[PDB]
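Here you get one chain, nothing else, as structure tokens; it is the form deposited without its partner chain.
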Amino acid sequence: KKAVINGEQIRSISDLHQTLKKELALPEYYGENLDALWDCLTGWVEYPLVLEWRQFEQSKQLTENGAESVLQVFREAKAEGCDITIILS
């Protein structure tokens, strides 16, 4: 499916894992951490997935190292062989 990270919307890391959870449609126990988010990409989300990260960096400052991490899991998982077209805006 396709995902969209609206930075102007993100209000905190939890917010990041919230919009993602919607996109990736993670379970209700979506760990929200990188280990969980990842645990979802490598075995949960359906690919090829798109990660249209809008306003990148805007969701990294607020929750310092907040976005740079999830995205790192999206590209890393993309490296795992998954087809997560990482679209950085």
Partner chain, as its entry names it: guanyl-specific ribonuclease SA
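Numbering follows the first chain given and starts at 1.
Form deposited with its partner chain bound: not shown, discussed below.
Although the partner is absent from this view, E76 contacts its partner chain in the deposited complex, with a non-hydrogen atom inside 4.5 angstroms. At a distance threshold of 4.5 angstroms between non-hydrogen atoms, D35 is in contact with its partner chain in the deposited complex.
Its partner chain in the deposited complex comes within 4.5 Å of no heavy atom belonging to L62. Although its partner chain is not shown here, in the deposited complex the stretch 19 to 57 places heavy atoms of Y29, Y30, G31, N33, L34, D35, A36, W38, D39, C40, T42, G43, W44 within 4.5 Å of it, in sequence order.
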